[PDB]
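The primary structure of each chain is shown beneath.
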Amino acid sequence: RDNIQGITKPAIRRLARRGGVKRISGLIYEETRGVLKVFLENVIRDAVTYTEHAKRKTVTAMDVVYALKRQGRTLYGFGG
Amino acid sequence: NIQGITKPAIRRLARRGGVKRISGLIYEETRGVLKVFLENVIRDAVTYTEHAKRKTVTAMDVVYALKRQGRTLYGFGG
Amino acid sequence: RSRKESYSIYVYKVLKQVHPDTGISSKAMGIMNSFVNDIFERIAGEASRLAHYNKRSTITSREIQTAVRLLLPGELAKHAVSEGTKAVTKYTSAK
Amino acid sequence: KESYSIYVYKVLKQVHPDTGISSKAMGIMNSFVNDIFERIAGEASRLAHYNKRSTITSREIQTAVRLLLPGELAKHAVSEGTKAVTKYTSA
Amino acid sequence: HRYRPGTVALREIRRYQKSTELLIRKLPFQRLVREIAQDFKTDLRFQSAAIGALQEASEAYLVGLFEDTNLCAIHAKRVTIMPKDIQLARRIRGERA
Amino acid sequence: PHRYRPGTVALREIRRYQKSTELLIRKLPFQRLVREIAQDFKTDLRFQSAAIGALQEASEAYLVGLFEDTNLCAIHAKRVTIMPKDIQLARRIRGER
Amino acid sequence: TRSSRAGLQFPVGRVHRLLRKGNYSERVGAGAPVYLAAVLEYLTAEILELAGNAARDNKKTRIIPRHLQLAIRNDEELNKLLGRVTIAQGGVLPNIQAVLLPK
Amino acid sequence: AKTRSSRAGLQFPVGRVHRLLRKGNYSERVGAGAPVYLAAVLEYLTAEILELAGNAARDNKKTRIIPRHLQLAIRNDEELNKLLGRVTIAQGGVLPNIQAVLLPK
DNA sequence: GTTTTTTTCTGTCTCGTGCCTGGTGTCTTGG
DNA sequence: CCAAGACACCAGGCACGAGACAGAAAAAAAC
DNA sequence: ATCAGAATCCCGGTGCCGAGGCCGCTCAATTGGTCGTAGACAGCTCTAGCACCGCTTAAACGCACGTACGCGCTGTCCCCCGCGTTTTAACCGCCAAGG
């Protein structure tokens, strides 16, 4: 519960600065939280489905790798 | 050459897009982006036909090249 | 004369089931054939990845189920899984 | 379960022979290599099934490398591949 | 007499959202495609259905890219398009580096 | 004292965070949010840490790209202040609805 | 035919053949093509059902592809599925930004 | 030369790749020249990108390649960047993109 | 603020071996 | 007309350690 | 508002043409029968995922406060809409020669 509100405004600030964003409006943060949430919804749904067919109650890094390759947002680094 | 693209054609493209008011340099910019688009498409299409060892590009190869750019189009047997 | 393929008669019958008083154009029938092609291809590719991320080479219906609910969005997918599962029961219950 | 580590070491000593590397750099490299191998191989399988050819020779691999990589990389890769074909075919 | 501007354009938007027929007619489009096709290997023959496929894909492509560009300009507190808008939309999609 | 009417703070920290390498969102609250989303489709699931680190990596990359195109939308808006419908336009063009 | 023995409408053995010649695995089970065929069957049922409603809208009897593109672009999950999909003789949504409507 | 790698004068195992093709469900049969050809392409790609890796790591007086080096070397290339457009590196970040509207003038 | 220039203590990496498993030589036959 | 296999022969390939060795920072310390 | 009048919609009409019925084939689904190992399953073992807490500390939160880009407004000036005036793209049968 409420770890969606565990997203801090200075973290959003830091992401804007590495993102290169200079000026920050105030109506941004919860919109950011909602987009991040829907993203992670689709991600973990697919990863857990890959683990559903895996017949193992633990999800691996490889699972999340394969699932994000399925979305085409494909990330290297951890093998897969 | 590339100037076979008429002004009211790109205007009709705005109309089916639903765009109201049109500037000037739009026309030449449009022809350029269309050119690069067709460049990549027909390049890998002729690559397909190169592997086909045949002297006519198939519509199939056009379809598969569109798939290769992730631009899947139905309709013409694909 | 080489014999070519279509799926036209099958989905044609299905259309006649769901709408008896309805015609169709030929090009759209080809479009639906391409539609079946595309969906089948994405499913089969997910099946091959199911194989290689499971290090197995047998294909059963369970893999098809998990492939469909990997590809398709939820509510539609669960209805389709229901249809397929009831069909599995009706077939394999008999011969 | 083999990674490609000393292969990378030998390529590296053939190019910048005074250069170290981290572990996770090697991991990203092998991720890269596997991705490229899978993309080319699947595209070659598409060549087979789109062309009804029951096997795959090197010509399919050449045209697939054309289909994936753009111009300069493609031409230099075709050159290197044919040179390897030549030297392996000679002996 | 004279009509007031903007009206006829939107009326033909309502007209041109109806028929899915091809906007660019055939012969000049064919010449352009042939001319670009000239510089890969000499004088390749063509299937006319493939030409229609190229035409369809090109027109739908450009229409959708116009839609995003138009929405960019609507966001830009303006009504008229700019070439920089096309640059912005393309920079979001990632054609050019 | 040396209060400094602004400009060096933001851009200097941009210079620092682009000299940087590692993450920005710290670990535990992100992990707990992940498990709360995870507690919705199949209960009681266990995880290895590298999966979570990949999730954090790709999450921050996703948001970085959102911020970049949002920044260019703002620059085209002749402003430096961001807006929410900037992000909505960016995700409209990205096809991720 | 197994399709009739499954009480369905798509030919099983053609699909079983295509699974073999697709290099899709090494071996092929018994009822996996039945499940896949039923999936296809419900998918095309839903799609063409909405297409039938689209023809009911225009009061047309023969399906034009414009009906197909419209019914794709109306429903949510279907349009998120076929996002990267276009169709010849497709067209788009009849859509007007009312901020560009006159006053 | 007993080994085909020595018969090719290269650095990758070819019969590895041939077994990968066989244990791939890729084709039914696989010829003799295709695995050699593909492995040579792979070896060229490795050497080519590791060139930009070597220069990008040498930019900072560090003997070891870090992931930030790899992302920099990719984004400073044109063909590799359009290659890796949908691609993200772990521990990557992005380029210095300081807009001209931002510097104190 | 930036950045440079000393130790230091220090994490990884390359050398170093043994075990082993896939890699290799070649005919038949067939597609 | 040479791969598939099928069998017969095999030195490499990698896991584990060691000691060293490139390296991040502590902290003066200029611009 | 409010009328005149362009612009579009919408209703028989007919025509023509392809969708759909239809019908006689033949080749893959079937049917049945025969090896075989892949995997469903039982079970062993040790790792690692989890939970918990104590200590450290740097990181967030609230507020004080100016302040300065965002914005509503303004004037302005200009340059696309559009309607008018030709105009050349492109698909086509005489009429000269002319031999």
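Residues numbered from 1 in each chain as written, not as in the entry; some residues may be left out. Chains lettered and ligands numbered in written order. Part of a larger assembly, values for the part shown. Heavy atoms only, no water.

The record names cryo-EM as the way this model was obtained, at a resolution of 6.9 Å.

A.B. asks: Let's hear about the protein's contact with DNA strand I: which residues, and what values?
C.D. replies: Within the structure, DNA strand I sits among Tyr 9, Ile 21, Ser 22 and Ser 23 of chain D, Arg 12 and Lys 19 of chain F together with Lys 2, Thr 3, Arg 4, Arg 7, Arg 16 and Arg 19 of chain H. Of what DNA strand I places within 4 Å of the protein, 100% of the atoms are sugar or phosphate. The backbone of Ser 23 of chain D places a nitrogen or oxygen atom 3.1 Å from a phosphate oxygen of DNA strand I. For DNA strand I, a phosphate oxygen lies 2.6 Å from a polar atom in the side chain of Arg 4 of chain H. Sorting the residues of the surface near DNA strand I by element identifies helix 1 (8-19) of chain F together with helix 1 (4-8) and helix 2 (14-22) of chain H as the ones contributing at least two each. Classifying every residue of the surface near DNA strand I gives two nonpolar, three polar and seven charged. (Near = heavy atom within 4 Å. Polar contact = N/O pair within 3.5 Å; in protein donor to acceptor, adjacent residues only side chain to side chain. Helix = DSSP H or I, 4+ residues; strand = E, 2+ residues; numbered from the N terminus. Nonpolar A, V, L, I, M, F, W, Y, C, P; charged D, E, K, R; others polar.)

A.B. asks: Give a description of the protein's contact with DNA strand J that names residues and reports values.
C.D. replies: All residues adjacent to DNA strand J are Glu 2 and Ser 3 of chain D together with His 18, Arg 29, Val 30, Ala 32, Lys 62, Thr 63 and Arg 64 of chain H. Counting only atoms of DNA strand J within 4 Å of the protein, the sugar-phosphate share comes to 100%. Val 30 of chain H has a polar backbone atom sitting 2.9 Å from a phosphate oxygen of DNA strand J. Within the side chain of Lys 62 of chain H, an N or O atom sits 2.6 Å from a phosphate oxygen of DNA strand J. A breakdown of the residues in the surface near DNA strand J according to their chemical character gives two nonpolar, three polar and four charged.

A.B. asks: I'd like to hear about the interface of chain G and chain H, residue by residue, with values.
C.D. replies: By convention, interface size is frequently given as the accessible area that disappears when the constituent parts associate. Contacts between the two partners involve five residues from chain G, matched on the other side by five residues from chain H. Together, the buried faces of chain G and chain H total about 320 Å²; carbon and sulfur atoms form 23% of this surface. For the chain G face of the interface with chain H, the top three residues by lost area are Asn 23, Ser 25 and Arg 84 of chain G, together amounting to 89%. At the surface where chain G touches chain H, the tally comes to zero salt bridges. Our count for the chain G to chain H interface comes out at one residue pair in polar contact. Split by residue class, the side of chain G that touches chain H holds one nonpolar, two polar and two charged. (Contact = heavy atoms within 4.5 Å. Buried area = accessible area lost by both parts, 1.4 Å probe. Salt bridge = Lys/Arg side-chain N within 4 Å of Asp/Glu carboxyl O.)

A.B. asks: Describe the arrangement of the chains, with residues and values.
C.D. replies: Interchain contacts are distributed over 19 pairs of chains, and the most extensive set of them lies between chains C and G. With no contact between them, chain B and chain F keep their nearest C-alpha atoms 14 Å apart.

A.B. asks: Explain the interface of chain G and chain C residue by residue, including any values.
C.D. replies: Facing the 44 residues of chain G at the interface are 51 residues of chain C. When the two sides are added together, the surface that chain G and chain C hide from each other amounts to roughly 4,600 Å², 74% of it contributed by carbon and sulfur. On the chain G side of the contact with chain C, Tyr 24, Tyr 35 and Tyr 42 of chain G bury the most area, a combined 16% of that side's loss. Here chain G is connected to chain C by zero salt bridges.

A.B. asks: Could you give an account of the pattern of salt bridges, naming the residues involved and the relevant values?
C.D. replies: Taken as a whole and assessed by the stated rule, the structure comprises 20 salt bridges over all chains. Between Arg 49 of chain C and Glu 46 of chain C there is a salt bridge, with the nearest N and O atoms lying 3.6 Å from each other. Of this pair, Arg 49 of chain C and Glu 46 of chain C both sit in helix 2 (residues 26-52), three residues apart, which is roughly one turn of that helix. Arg 49 of chain C sits in the partly exposed class, given a relative accessible area of 35%. Of the charged contacts in the structure, one is a salt bridge between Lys 80 of chain G and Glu 76 of chain G, with a shortest N-O distance of 3.5 Å. Of this pair, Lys 80 of chain G and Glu 76 of chain G both sit in helix 5 (residues 76-81), four residues apart, roughly one helical turn. Overall, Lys 80 of chain G belongs to the exposed group, its relative accessible area being 53%. (Buried < 20%, exposed > 50% of the residue type's maximum accessible area, 1.4 Å probe, protein only.)

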